[PDB]
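Here the sequence shown stands for residues 170 to 506, 512 to 609, 628 to 681, 689 to 708, 715 to 725, 735 to 799, 803 to 848, 855 to 902, where the numbers follow full-length UniProt numbering. Quick reminder that beta carbons are idealized off the backbone N, C-alpha and C, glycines included.
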Amino acid sequence: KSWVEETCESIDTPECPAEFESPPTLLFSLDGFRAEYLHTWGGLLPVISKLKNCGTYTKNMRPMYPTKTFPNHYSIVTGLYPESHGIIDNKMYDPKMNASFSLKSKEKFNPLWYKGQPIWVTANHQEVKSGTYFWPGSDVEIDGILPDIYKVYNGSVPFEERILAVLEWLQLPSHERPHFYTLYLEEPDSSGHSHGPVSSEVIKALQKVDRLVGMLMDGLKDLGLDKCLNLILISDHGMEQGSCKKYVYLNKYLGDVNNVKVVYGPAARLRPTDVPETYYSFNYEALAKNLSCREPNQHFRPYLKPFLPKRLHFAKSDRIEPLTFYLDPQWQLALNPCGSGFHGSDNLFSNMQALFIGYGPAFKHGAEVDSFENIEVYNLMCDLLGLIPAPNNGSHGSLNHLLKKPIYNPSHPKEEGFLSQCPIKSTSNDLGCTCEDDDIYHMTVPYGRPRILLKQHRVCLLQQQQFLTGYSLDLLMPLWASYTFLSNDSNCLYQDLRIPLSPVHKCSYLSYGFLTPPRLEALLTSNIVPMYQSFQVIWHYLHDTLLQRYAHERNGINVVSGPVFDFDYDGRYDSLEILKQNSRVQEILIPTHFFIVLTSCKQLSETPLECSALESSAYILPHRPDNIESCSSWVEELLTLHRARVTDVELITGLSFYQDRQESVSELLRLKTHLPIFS
Ligand SMILES: *[C@@H]1O[C@H](CO)[C@@H](O[C@@H]2O[C@H](CO)[C@@H](O[C@@H]3O[C@H](CO)[C@@H](O)[C@H](O[C@H]4O[C@H](CO)[C@@H](O)[C@H](O)[C@@H]4O)[C@@H]3O)[C@H](O)[C@H]2NC(C)=O)[C@H](O)[C@H]1NC(C)=O
Ligand SMILES: COc1cc2ncnc(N3CCC(CCP(=O)(O)O)CC3)c2cc1OC
Ligand SMILES: *[C@@H]1O[C@H](CO)[C@@H](O)[C@H](O)[C@H]1NC(C)=O
Ligand SMILES: *[C@@H]1O[C@H](CO)[C@@H](O)[C@H](O)[C@H]1NC(C)=O
Ligand SMILES: [Ca+2]
Ligand SMILES: [Cl-]
Ligand SMILES: [Zn+2]
Ligand SMILES: [Zn+2]
């Protein structure tokens with residue numbers, strides 16, 4: 170009887186033969202296996218279904234931007250964002266190197282491109298043998314390390330052969346055998362492209378893919394290993410249906426010119442031809458203004474690197490062309506001339527979502543877990559091979575719930591900020607505008641106050657009746673303001696006597718804006743933030759029309775909001791150095810973004826002051842001085864786009880939320896790494 174034919178066996182302890190000190194781990198990849206493919210055609214795919222059922226599965230695995238092969242596989246194996254690991258796209262150009270990058274190129278094997286540290290390098294650096302069978306970067310001198318077995322990419326190698334050869338290396342002697350393996354298949358991505366994501370072709374592709382996984386599983390059976398190998402079935406990204414009738418051509422807006430090179434598809438980027446002579450010279454900003462709001466329903470949108478949604482993490486690398494285009498589902502873009515299956519879109523689109531299944535002794539049997547970014551996988555792979563992971567973008571421990579016996583028991587980040595209290599100091603002035629505690633504190637910060645990770649920043653906690661403000665004495669402005677807005681609730692300001700009187704405090708004196722809205735003290739100087747007029751339309755609608763609407767839906771919401779200063783667009787909090795170097799002229806420090814974390818309970822009957830389980834959403838909102846970005856409906860539509868993980872917020876603000884929460888550290892991490900999927 171074949172492996173597919175049997176019922177679900179439990180694997181409480183690894184049942185390995187002698188010569189196996191521990192389970193070996195296989196990272197099988199099937200290119201462009203849209204997460205959806207399983208949601209529908211599971212009944213046609215018995216093998217993957219059994220893997221789903223006797224294993225740890227997730228309905229959606231969120232890939233990285235851009236949703237292409239090379240950036241995603243290399244993200245999988247480094248736990249890094251493309252912006253940090255180097256491989257930005259299958260086709261890219263580095264102006265510092267003056268070099269191009271093609272898969273069909275000599276540069277394809279150049280070690281300068283691939284940054285970070287893949288799992289096999291990590292395994293090698295720690296005396297663990299590793300055998301790949303095709304994997305982006307595996308045949309490349311990364312840190313001078315190759316895998317202990319590898320294959321240079323020859324795409325025409327039969328699939329059934331790749332399955333056999335991996336099954337052979339498991340037969341290898343205990344001294345030269347790998348402990349970590351990778352497979353790769355081009356399907357269903359080939360058929361995905363050639364015939365589109367919905368076609369009898371992809372069904373065929375899927376059923377081959379299915380049967381070949383069945384083979385490996387039968388081979389592992391016929392090696393005494395079906396209860397010994399830890400399998401991870403995975404994919405890079407999903408697959409979207411192609412257009413012709415939904416393709417943007419920039420010749421219409423520019424004339425059919427040949428002076429700018431423009432990367433095609435949904436991941437569209439633009440740079441000058443005269444490169445690297447005119448790369449940093451080029452005024453991109455004006456070309457963007459020349460291209461925003463140019464149609465009734467403009468299905469594309471220009472975006473200078475830093476002003477893209479930060480949740481994408483696509484700006485730090487110099488390989489990223491300073492002018493990108495965000496696109497709407499299904500739509501692509503070129504410079505000049512379409513009906514093919516494609517990918518590369520927003521990582522939050524439904525069809526970009528990827529497959530993840532974990533089978534074997536380490537993983538749970540028949541557990542559906544929530545959705546996660548693929549950058550988390552690296553840390554899970556380090557755990558499974560007893561490796562200390564390289565520094566990476568995964569929140570290490572957030573996947574502990576996949577594992578029967580998890581290794582890493584994580585703990586919250588320790589507070590590094592300096593937290594002295596603010597008594598009544600600046601007695602006593604006016605601005606001339608035309609005008628017990630523990631019970632109050634607990635109410636403002638029901639989940640615990642944010643913890644200042646900012647080493648070693650001087651912060652004051654300021655108690656008010658309706659809200660708790662976290663004021664920065666190193667920046668003389670608030671960092672955060674938390675209030676609980678329960679389900680049922689104009690040119691004047693007051694001096695806060697606990698904060699130093701900076702001249703920016705009077706009405707006489715880009716404007717001010719309130720962190721906690723007054724329509725519920736909120737007119738304290740310690741509650742105002744520097745804010746543009748074109749942002750005030752977003753802000754005053756958010757707290758009036760939008761936020762009050764949510765309070766009813768959720769039965770109360772708890773809000774934390776504040777400034778974000780990310781001038782160098784990495785998506786982390788800026789050093790005080792570059793804070794000085796970006797304070798425009803009074804010598805105001807001026808926020809690039811405003812964050813807002815909305816916290817409800819999953820149980821609607823509970824109010825935020827009394828949640829069992831948490832419900833979270835967060836927003837990194839961009840503080841642009843005009844609403845060119847967005848041209855009732857438009858303000859919400861901006862919020863949904865500029866969503867962020869709570870972790871994204873923590874990274875960018877140096878704050879840490881929910882440390883005082885019933886939930887374990889691992890549960891909170893999973894909560895804080897949540898993003899919701901569009902369509
Ligand atoms: C995703 O995770 C990665 C991995 O940790 C992380 O990227 C890393 O960020 C740090 C800081 O930006 C990088 O370290 C830098 O290295 C270069 C030289 O190679 C230096 O120029 C930098 O020096 C500054 O920082 C020093 C101390 O921190 C200061 O003393 C000094 O004055 C400089 O200001 C800095 O040391 C590191 O190389 C990267 N690694 C990679 C692989 O990119 C990234 O932040 C994470 N992404 C997100 C969105 O959180
Ligand atoms: C490390 O050397 C290579 C490893 C590869 N591993 C996986 N897939 C590869 N391909 C390149 C991407 C191709 C898919 C196209 P898409 O980017 O998913 O649109 C399929 C073949 C590799 C291509 C490679 O070199 C060309
Ligand atoms: C950069 O490389 C290109 C292509 O190899 C070449 O044409 C050019 O001379 C180089 N230019 C500079 C300015 O280094
Ligand atoms: C790729 O592998 C196949 C099967 O072994 C072989 O027939 C073919 O010649 C190989 N191509 C190259 C370029 O090595
Ligand atoms: Ca920064
Ligand atoms: Cl679930
Ligand atoms: Zn791919
Ligand atoms: Zn593809």
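Element boundaries [alpha helix (DSSP H), containing residue i]
i	result
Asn241	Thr238 to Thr247
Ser856	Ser856 to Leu864
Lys430	First-last for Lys430: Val429 to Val432, but that is the beta strand (DSSP E), not the alpha helix (DSSP H).
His634	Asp629 to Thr636
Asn293	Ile288 to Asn293
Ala457	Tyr453 to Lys458
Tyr708	No alpha helix (DSSP H) holds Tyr708; DSSP gives it neither H nor E.
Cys223	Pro215 to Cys223
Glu337	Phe328 to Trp338
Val382	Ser369 to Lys390
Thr870	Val869 to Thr876
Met555	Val551 to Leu558
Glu205	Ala204 to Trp210
Straight-line Cα distance separating residue j from residue i
i	j	result
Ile771	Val309	50 Å
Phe239	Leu352	15 Å
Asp780	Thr809	6 Å
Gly407	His517	7 Å
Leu646	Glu184	47 Å
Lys221	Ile531	6 Å
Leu737	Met669	14 Å
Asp358	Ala528	12 Å
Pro366	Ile372	9 Å
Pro251	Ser244	6 Å
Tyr708	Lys479	32 Å
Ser363	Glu355	12 Å
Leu559	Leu394	17 Å
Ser360	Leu341	35 Å
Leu793	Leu806	7 Å
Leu667	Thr876	13 Å
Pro699	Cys652	12 Å
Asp758	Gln658	17 Å
Cβ neighbour criterion (16 or more within 10 Å) applied to residue i
i	result
residue 941	Lying outside 170 to 902, the shown extent of the chain, residue 941 is not represented and no answer is given.
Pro193	buried
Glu542	exposed
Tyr495	buried
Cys512	exposed
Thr739	buried
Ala830	exposed
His242	buried
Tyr416	buried
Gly606	exposed
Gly285	buried
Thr608	exposed
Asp681	exposed
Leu214	buried
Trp289	buried
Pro535	buried
Residue range of the unbroken beta strand (DSSP E) whose run includes residue i
i	result
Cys652	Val651 to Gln655
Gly532	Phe530 to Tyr533
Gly361	Unbroken run through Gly361 is the alpha helix (DSSP H), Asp358 to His364; no beta strand (DSSP E).
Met745	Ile742 to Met745
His254	Taken as a continuous stretch (DSSP letters only), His254 belongs to no beta strand (DSSP E), being part of the alpha helix (DSSP H) at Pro251 to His254.
Residue-chain proximity (residue i, chain D), Cβ-Cβ < 8 Å
i	result
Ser856	Here there is only one protein chain, and chain D is not present.
At least 3 beta-carbon pairs within less than 8 Å: the stretch 588–597 vs the stretch 537–553: no
Any 3 or more C-beta pairs closer than 8 Å across the stretch 443–457 and the stretch 746–757: no
Residues with C-beta closer than 5 Å to any heavy atom of ligand 8, in chain order: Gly201 and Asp358
Contact the stretch 484–496 vs the stretch 248–264: 3+ CB pairs below 8 Å: yes
Pocket of ligand 1 defined by Cβ to heavy atom distance under 7 Å: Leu249, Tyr250, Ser253, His254, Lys284, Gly285, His482, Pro565, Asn566, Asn567, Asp784, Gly785, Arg786, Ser789, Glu791 and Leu874
The stretch 372–383 touching the stretch 317–332, judged by at least three CB pairs closer than 8 Å: yes
Inter-stretch contact at 8 Å, needing at least 3 Cβ pairs: the stretch 518–530 / the stretch 227–235: yes
Sufficient close CB pairs (3 or more, under 8 Å) joining the stretch 651–669 to the stretch 559–570: no
Neighbouring residues (CB closer than 6 Å to any heavy atom of ligand 4): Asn323, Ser325 and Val326
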